[PDB]
Amino acid sequence: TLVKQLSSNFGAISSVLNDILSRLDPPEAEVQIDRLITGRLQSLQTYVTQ
Amino acid sequence: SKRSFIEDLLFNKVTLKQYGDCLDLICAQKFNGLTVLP
Amino acid sequence: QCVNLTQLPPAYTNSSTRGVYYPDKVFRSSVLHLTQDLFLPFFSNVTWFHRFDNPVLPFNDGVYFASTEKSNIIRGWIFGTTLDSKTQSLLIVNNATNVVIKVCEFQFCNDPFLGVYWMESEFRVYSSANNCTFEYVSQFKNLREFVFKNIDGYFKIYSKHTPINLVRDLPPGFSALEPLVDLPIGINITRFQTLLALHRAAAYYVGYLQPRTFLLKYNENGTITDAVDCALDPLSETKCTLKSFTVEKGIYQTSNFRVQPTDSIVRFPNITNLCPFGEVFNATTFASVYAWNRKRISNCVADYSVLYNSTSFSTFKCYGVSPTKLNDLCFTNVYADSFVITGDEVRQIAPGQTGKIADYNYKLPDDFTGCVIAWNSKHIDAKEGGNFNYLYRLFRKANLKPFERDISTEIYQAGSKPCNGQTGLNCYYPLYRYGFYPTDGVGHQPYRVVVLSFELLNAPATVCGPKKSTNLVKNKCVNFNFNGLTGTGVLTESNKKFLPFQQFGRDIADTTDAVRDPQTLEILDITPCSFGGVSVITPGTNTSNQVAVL
Amino acid sequence: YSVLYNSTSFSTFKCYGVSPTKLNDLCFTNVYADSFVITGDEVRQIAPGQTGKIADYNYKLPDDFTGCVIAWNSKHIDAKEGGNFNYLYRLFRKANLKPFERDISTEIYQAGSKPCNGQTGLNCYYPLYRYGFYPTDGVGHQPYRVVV
Amino acid sequence: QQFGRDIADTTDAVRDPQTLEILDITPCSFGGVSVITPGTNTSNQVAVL
Ligand SMILES: *[C@@H]1O[C@H](CO[C@@H]2O[C@@H](C)[C@@H](O)[C@@H](O)[C@@H]2O)[C@@H](O[C@@H]2O[C@H](CO)[C@@H](O)[C@H](O)[C@H]2NC(C)=O)[C@H](O)[C@H]1NC(C)=O
Ligand SMILES: *[C@@H]1O[C@H](CO[C@@H]2O[C@@H](C)[C@@H](O)[C@@H](O)[C@@H]2O)[C@@H](O[C@@H]2O[C@H](CO)[C@@H](O)[C@H](O)[C@H]2NC(C)=O)[C@H](O)[C@H]1NC(C)=O
Ligand SMILES: *[C@@H]1O[C@H](CO)[C@@H](O[C@@H]2O[C@H](CO)[C@@H](O)[C@H](O)[C@H]2NC(C)=O)[C@H](O)[C@H]1NC(C)=O
Ligand SMILES: *[C@@H]1O[C@H](CO)[C@@H](O[C@@H]2O[C@H](CO)[C@@H](O)[C@H](O)[C@H]2NC(C)=O)[C@H](O)[C@H]1NC(C)=O
Ligand SMILES: *[C@@H]1O[C@H](CO)[C@@H](O[C@@H]2O[C@H](CO)[C@@H](O)[C@H](O)[C@H]2NC(C)=O)[C@H](O)[C@H]1NC(C)=O
Ligand SMILES: *[C@@H]1O[C@H](CO)[C@@H](O[C@@H]2O[C@H](CO)[C@@H](O)[C@H](O)[C@H]2NC(C)=O)[C@H](O)[C@H]1NC(C)=O
Ligand SMILES: *[C@@H]1O[C@H](CO)[C@@H](O[C@@H]2O[C@H](CO)[C@@H](O)[C@H](O)[C@H]2NC(C)=O)[C@H](O)[C@H]1NC(C)=O
Ligand SMILES: *[C@@H]1O[C@H](CO[C@@H]2O[C@@H](C)[C@@H](O)[C@@H](O)[C@@H]2O)[C@@H](O)[C@H](O)[C@H]1NC(C)=O
Ligand SMILES: *[C@@H]1O[C@H](CO[C@@H]2O[C@@H](C)[C@@H](O)[C@@H](O)[C@@H]2O)[C@@H](O)[C@H](O)[C@H]1NC(C)=O
Ligand SMILES: *[C@@H]1O[C@H](CO)[C@@H](O)[C@H](O)[C@H]1NC(C)=O
Ligand SMILES: *[C@@H]1O[C@H](CO)[C@@H](O)[C@H](O)[C@H]1NC(C)=O
Ligand SMILES: *[C@@H]1O[C@H](CO)[C@@H](O)[C@H](O)[C@H]1NC(C)=O
Ligand SMILES: *[C@@H]1O[C@H](CO)[C@@H](O)[C@H](O)[C@H]1NC(C)=O
Ligand SMILES: *[C@@H]1O[C@H](CO)[C@@H](O)[C@H](O)[C@H]1NC(C)=O
Ligand SMILES: *[C@@H]1O[C@H](CO)[C@@H](O)[C@H](O)[C@H]1NC(C)=O
């Protein structure tokens, strides 16, 4: 489950990190990267709690 | 491994990769940081 | 005004733990901070020069310069690109009284040097200075250390000055250099050289900065007291992982700080002819807005720079991409819709707008990826007795749907009784003509609009940007750009045979796994640069500094 | 800023790292001002992340920029009868600028293959061109003064 | 130096600009108060710790 959870875009434009860095410039990319980071920390925390 | 007959019966029922082989689902989780210690 | 004045290969040494500066201007007190910036790596190769032997040396990302002297031989520096009066150069000199800083256009002599004989003489540095945009004045026993950087138009100098007694080498130790100056000069620098003050001996060591992650310790007075280079050995990496300067006995599974990607390769397909920007951009007659024109674009090197000296766009707005990343992308399919509208209706060409143009003539989807371009054309579309050749639709029974066209010319029935032709009281003809006179106010002058809508998906690229390809590097950690798909990793050959059209293949984790080379249709695959199964066996760092690695 | 209400009328006033209603309560430590003159349609390129002719070869802003950009029309001071051919700009460069960089060189840009070495012939161009500001121009190419 | 923070990255001391005298900032809130009460049904008296 922890690996299948890497296909989720937690509100971002895409779930792949190389399609955000190849189409947007840093000020416009940090808004999607900061959504993917927040969504991918929650999965780790849930795993650790369980 | 000097184990008895009953233990030999017991180890078969329960169904439990070198880095040269990954170069499936174990290699997909080995590249994403998840490691299983011995 | 200057004269020309056996060489040996210079020796080398190591900057043991020297060359730490302050990365930024923030103030931090009593904290451990993990930074990623341009630093001088520990135990790194410094070139030891000296006899005079003044060479011109490269300036890569910054420079650590150290000098040991007893009689003030080293005087200052010059920085530039060609140092040949065709570009601007920076000159920093110390003529025994003041500090002179000049950004000008000097014609430097081949071997600059000041002069001492016992008042002064021989200011044989340059021949002439012309433009001088910047001017700044201010009216072995010693070790002097400097770090030079320049970023975002600021030239930053950090320095330190300590007394030493050991004579013939750079001493081992630890130094943290305080900020000295920050000059807004705004020039390009690639080479530099030092000025010597002749008498008619002293040494300098040169080292270069590289991108590294450091762990820094801040004193109460915000003076950096200790630092750890986290890519040196396993003990440094485990100190970095725990964010501490001490470790007790344990096993300590560690992270990856040891490998940094170096090269960057680009691979684009072989497209040569440029795009027809000039047959869809001047194009004597455009199309009416209600019957707008759509055209496909293929096999292009989409260069936008061939339009700088012809048109001046009043509006250039891209929606699914960034305007600074159009030179690095290859697209798969590109269309172009063109028409002519009035100056005040250019705000309605956007996703989510409403009005007359966006309701009855031309509508854009909500999830639209593309760019919209507009420019004023009063000089081509306006005539003396008006230009009644462009029409638009005013009455419709219901709103359009995205990218729909309606060229019908029935009789709109606004009242109750049927019209059946014969446009009488409450029956109207639905198409009306624009009248463009050359004395109109800017609100109702003609504007030409072009809308480009492109897509990127798993298929061969048709039109691509003007980026030059380079060579393929295999079995190394590199950044790669394949058809506008960027990434980092190791490129090796593989056997995962693709479909005829397929360009790349992902894996279960939705990360790219294999890619196809565009120029030579050969499959490659991508593996991570990081090995994540390393553990460091250590006794207490108090007892000893030895480790084992598993 | 209130001593400028009865003199100039800014067509563009855009602040980036702060809010325009909180400039009366702040003390700043260091302040610079960059001034120049461009054409009316190129005032949209003075912004972080833009591209074009001004932002690629003449003047570039960083991505993490804290400050304000002010522009105003000056057709009454910069335009004359027989034109005002006193402002130049750069049209050809080998590579894009970096933020807050300046390039005043006047070499001969080589667009073809053979070397130029002066002598601006077929595929060799002089890289600086002159703005011509007449008092009958359309609003798209009238002079604008910009301060950052 | 104009101001100094603390470990929690909150401002702790500041310097007066007109008279160069140091001051320090403490919270307005006291956060260790507890209220001993019987049932509010029985009576409306409390004690404070
Ligand atoms: C894409 O181009 C490469 C290189 O193109 C070569 O140089 C160009 C300027 C032009 O002269 C082309 O016609 C040249 O082919 C091609 O790679 C070459 O392939 C040929 C075999 O056909 C081989 O002999 C060359 O050595 C190769 N050159 C290099 C540098 O690798 C490549 O084939 C082209 N891709 C396509 C569309 O097949
Ligand atoms: C900053 O100003 C205060 C007040 O300034 C005074 O009033 C001004 C209008 C002008 O007349 C100044 O010259 C005055 O000094 C200064 O505080 C004063 O300090 C003096 C001692 O130098 C003292 O005698 C006054 O009573 C003080 N006044 C008050 C109201 O506190 C202050 O010193 C100045 N700060 C600096 C830069 O030192
Ligand atoms: C890095 O340079 C220092 C300085 O030259 C070297 O230190 C020398 O070490 C040898 C053997 O330990 C001593 O005999 C010398 O006296 C030392 N020189 C001085 C002046 O200290 C050091 O060995 C070099 N190597 C590394 C990688 O640490
Ligand atoms: C070293 O520094 C400068 C280099 O020009 C000189 O000092 C000034 O030079 C200018 C031009 O000659 C004079 O107008 C000033 O009066 C000088 N004095 C100041 C302000 O430093 C000079 O060549 C050297 N300095 C001295 C004073 O010897
Ligand atoms: C720096 O000054 C030089 C002086 O030669 C400038 O070159 C131009 O030279 C001609 C005479 O050959 C003068 O008519 C021009 O007025 C000079 N131009 C200017 C604007 O000064 C050189 O161009 C100057 N650099 C800049 C761009 O300011
Ligand atoms: C597409 O065509 C249909 C048929 O002409 C239009 O639908 C009709 O709309 C009228 C009122 O405008 C209704 O009285 C009819 O009953 C509708 N017919 C049907 C079959 O729904 C429809 O408006 C057109 N769509 C668009 C995009 O305008
Ligand atoms: C800063 O200066 C360097 C040197 O003039 C420029 O770098 C060169 O770019 C050309 C192509 O434009 C290459 O052929 C050279 O090999 C490059 N030299 C080096 C040392 O890299 C560089 O373009 C300038 N930078 C900016 C901001 O434009
Ligand atoms: C630029 O194009 C010139 C002709 O275009 C006219 O002049 C320029 C400056 C603009 O005002 C444009 O709108 C006009 O139509 C050429 O003569 C000139 O050489 C070109 N520059 C190049 C390509 O070097
Ligand atoms: C305002 O300034 C006046 C002179 O300025 C001119 O008139 C004003 C209304 C604007 O149109 C400006 O562009 C003109 O240059 C003064 O005569 C007037 O008194 C000023 N108002 C004040 C300061 O009270
Ligand atoms: C010094 O050497 C350079 C190298 O080309 C030469 O151009 C110059 O004329 C020389 N100067 C003298 C004084 O000999
Ligand atoms: C420094 O360079 C010299 C010569 O290039 C080389 O022999 C030496 O090994 C280098 N030092 C390091 C630490 O790589
Ligand atoms: C800060 O510097 C002062 C000297 O001005 C020194 O006395 C003090 O000990 C320093 N603070 C430290 C080392 O924490
Ligand atoms: C229109 O563009 C074409 C394509 O370059 C060019 O040949 C033609 O001269 C242009 N016409 C005008 C009036 O600029
Ligand atoms: C560190 O080593 C010193 C010297 O042997 C010893 O005095 C001290 O007790 C040790 N401290 C720790 C924490 O092991
Ligand atoms: C509240 O007080 C009333 C009157 O004494 C009593 O009848 C009732 O049971 C009390 N209720 C509770 C919840 O203590």
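Residues numbered from 1 in each chain as written, not as in the entry; some residues may be left out. Chains lettered and ligands numbered in written order. Part of a larger assembly, values for the part shown. Heavy atoms only, no water. Residues with missing side-chain atoms left out of burial classes, pairs and counts.

As summarised from the PDB record, the model derives from cryo-EM at a stated resolution of 3.1 Å.

## A short note on the side chain of C:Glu237
How we decide: The helix count covers DSSP runs of H or I at least four residues long, the strand count covers runs of E at least two residues long, and both are numbered beginning at the N terminus. In what follows, residue pairs with any heavy atoms lying within 4.5 Å of each other are defined as contacts.
Secondary-structure assignment places C:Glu237 in helix α1 (residues 234-242). In this view, C:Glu237 contacts C:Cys230, C:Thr254, C:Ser255, C:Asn256, C:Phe257, C:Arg258 and C:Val534; residues no more than four positions away in its chain are not counted.

## Overview of the interface of chain A and chain C
Keep this limit in mind: Computed with a 1.4 Å rolling probe, the buried area is the accessible surface lost when two parts are put together, summed over both parts. Any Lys or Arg side-chain nitrogen located within 4 Å of an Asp or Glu carboxyl oxygen qualifies as a salt bridge. Residues are grouped as follows: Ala, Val, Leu, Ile, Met, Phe, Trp, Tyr, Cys and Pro are nonpolar; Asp, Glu, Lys and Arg are charged; every other residue, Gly included, is polar.
With 14 residues of chain A at the interface, the matching set in chain C holds 14 residues. For the pair chain A and chain C, the summed buried surface comes to about 1,200 Å²; carbon and sulfur atoms form 48% of the total. The largest share of the area that chain A buries against chain C comes from A:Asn18, A:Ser22 and A:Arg23, three residues that together contribute 42% of it. Inspection of the chain A/chain C interface yields 1 salt bridge. Across the pair A:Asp19 and C:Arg506 runs a salt bridge whose closest N-O atoms are separated by 3.6 Å. A class-by-class count of the residues in the side of chain A that touches chain C yields 5 nonpolar, 4 polar and 5 charged.

## With respect to the state of the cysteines
All names here are of chain C. How we decide: The criterion for a disulfide is a pair of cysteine sulfur atoms lying within 2.5 Å.
Evaluation of the coordinates by the stated rule reveals 11 disulfides over all chains. One disulfide bridge connects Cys 2 with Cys 109, the sulfur atoms lying 2.0 Å from each other. What sets the handedness of the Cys 2 and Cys 109 disulfide is the S-S torsion sign, and at about -85° it is left-handed.

## Some details on the environment of D:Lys60
All names here are of chain D. With respect to the element layout, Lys 60 can be found in the loop between α1 (54-57) and β3 (68-73). Separated by 62 residues in the primary sequence, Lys 60 and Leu 122 have C-alpha atoms spaced 31 Å apart. Leaving out residues up to four positions away in the same chain, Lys 60 has contacts with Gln 50, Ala 55, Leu 97, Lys 98, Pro 99 and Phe 100.

## Regarding empty space enclosed by the protein
In this approach a probe as big as a water molecule rolls over the atoms, and the regions it shows empty are the leftover space. Residues and elements named next belong to chain C. Applied cut-off: For cavity detection a 1 Å grid was placed over the protein atoms alone, and a set of points counts as a cavity when a 1.4 Å probe fits there but cannot get out; an open set counts as a pocket when protein lies on both sides within 12 Å along at least five of seven lines, with lining residues being those that have an atom within 4 Å of a point. Grid points are joined across faces, edges and corners, and a volume is the space filled by probe spheres set on the points.
Its volume calculated, the largest cavity comes out at about 70 Å³. Lining the largest cavity are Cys 275, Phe 277, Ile 297, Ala 302, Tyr 304, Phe 331, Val 334, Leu 452, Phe 454 and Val 463. By residue class, the composition of the lining of the largest cavity is 10 nonpolar, no polar and no charged.

## Overview of the interface of chain D and chain C
By convention, interface size is frequently given as the accessible area that disappears when the constituent parts associate. The criterion, for reference: Polar contacts here mean pairs of N or O atoms no more than 3.5 Å apart (in protein, one a potential hydrogen donor and the other a potential acceptor; neighbouring residues in sequence count only if both atoms are side-chain atoms).
Taken residue by residue, the interface counts 19 residues in chain D and 21 residues in chain C. When the two sides are added together, the surface that chain D and chain C hide from each other amounts to roughly 1,700 Å², 52% of it contributed by carbon and sulfur. Broken down residue by residue, the surface that chain D buries against chain C is led by D:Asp41, D:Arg44 and D:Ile104, which jointly contribute 26%. Counting the contacts that link chain D with chain C gives 0 salt bridges. Taken together, the connections running from chain D to chain C amount to 5 residue pairs in polar contact. For the side of chain D that touches chain C, the per-class residue count stands at 7 nonpolar, 5 polar and 7 charged.

## Quick look at a negative patch on the surface
This is how the line gets drawn: For patches, a residue must show more than 30% relative accessible area and have no salt bridge; joins then use 9 Å for like charges and 5 Å for nonpolar side chains, namely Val, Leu, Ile, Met, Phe, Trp and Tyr. Areas reported as accessible are Shrake-Rupley estimates using a 1.4 Å probe. Residue values count occlusion only from the protein chains shown. All tallies of charge rest on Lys and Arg as positive and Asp and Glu as negative; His and the ends of each chain are not included. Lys charges are placed at NZ, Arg charges at CZ, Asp charges at CG and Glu charges at CD. Throughout, exposure labels follow a simple rule: accessible area from a 1.4 Å probe, protein chains only, divided by the maximum for the residue type, with under 20% read as buried, over 50% as exposed, and the rest as partly exposed.
The grouping of A:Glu28, A:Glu30, A:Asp34, C:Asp152, D:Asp63 and D:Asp64 at the surface amounts to a negative patch. Inspection of the secondary structure puts D:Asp64 in the loop between α1 and β3. Residue classification places D:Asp64 among the exposed residues on the basis of a relative accessible area of 68%.

## Examining the pairing of strand β2 (residues 11-15) of chain E
Residue and element names in this part refer to chain E. Heads up, the condition is: What makes two strands pair is DSSP finding at least two bridges between them.
Both strand β1 (residues 3-5) and β2 contribute to a ladder of 3 bridges, which runs antiparallel. Bridge pairing in β2 links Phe 3 to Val 14. Where β1 hands over to β2, the hairpin turn is made up of 5 residues, of which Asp 9 adopts a positive phi near 55°. Pairing analysis gives 3 bridges linking β2 to strand β3 (residues 22-24), with the strands arranged antiparallel. The residue of β3 that forms the bridge with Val 14 is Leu 23.

## Remarks on α1(C)
Note that an α-helix has 3.6 residues per turn; residues three or four places apart therefore point the same way. All names here are of chain C. Listed as buried for α1 are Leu 235, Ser 236, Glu 237, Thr 238, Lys 239 and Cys 240. Among the structural elements, β3 (32-39), β18 (210-218) and β19 (224-229) are those in contact with the buried residues of α1. Just downstream of α1 lies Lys 243, where phi reads positive at about 55°.

## Brief notes about the sheet that holds strand β36 (residues 512-516) of chain C
Residues and elements named next belong to chain C. The criterion, for reference: For helices, the axis comes from a line fit to the C-alpha atoms of the stretch in contact; other axes are also lines fit to C-alpha atoms, and the angle between any two N-to-C directions lies between 0 and 180 degrees.
Overall, mixed pairing links the 6 strands, which are arranged β20-β33-β34-β37-β36-β35 in an open sheet. On the outer flanks of this sheet lie β20 (263-267) and β35 (504-506), each paired with one strand and no other. Between one strand and the next, the sheet's axes are offset by a mean angle of 40°, whatever the strand orientation. Of the strand pairs in this sheet, β20 and strand β33 (residues 477-482) are connected by 5 bridges, and their pairing is parallel. Residue pairing across strands places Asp 263 opposite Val 478, the latter belonging to β33.

## Brief notes about the sheet that holds strand β2 (residues 17-21) of chain C
All names here are of chain C. Spatially, 8 strands are ordered β1-β4-β17-β6-β13-β14-β15-β2 in an open sheet, and the strand pairing comes out mixed. Edge positions in the sheet fall to β1 (11-15) and β2, since each of these pairs with one other strand and no more. Strand-to-strand twist across the sheet, computed as the mean angle between neighbouring axes with direction ignored, equals 30°. With 7 bridges connecting them, strand β6 (residues 63-69) and strand β13 (residues 142-151) associate as antiparallel partners.

## Describing the arrangement of the chains
Here 6 pairs of chains are in contact, and chains C and D lead that list by number of contacts. The smallest C-alpha distance separating chain A from chain E is 22 Å, and no contact links them. A gap remains between chain B and chain E, with no contact made and the closest C-alpha atoms lying 32 Å from each other.

## Comments concerning the pattern of salt bridges
All names here are of chain C. Taken as a whole and judged by the stated rule, the model has 24 salt bridges over all chains. Between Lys 156 and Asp 182 there is a salt bridge; the shortest N-O distance is 2.8 Å. With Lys 156 in strand β14 (residues 154-163) and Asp 182 in strand β15 (residues 174-183), this pair connects stretches of sequence that are 26 residues apart. Judged by its relative accessible area of 15%, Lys 156 falls in the buried class. We note a salt bridge from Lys 356 to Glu 345, for which the minimum N-O separation is 3.6 Å. Highlighted residues: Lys 356 in the loop between β25 (333-342) and α2 (357-360) and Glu 345 in the loop between β25 and α2, separated in sequence by 11 residues. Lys 356 sits in the partly exposed class, given a relative accessible area of 24%. A single salt-bridge network, built from bridges that share partners, covers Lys 325, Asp 328 and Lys 467.

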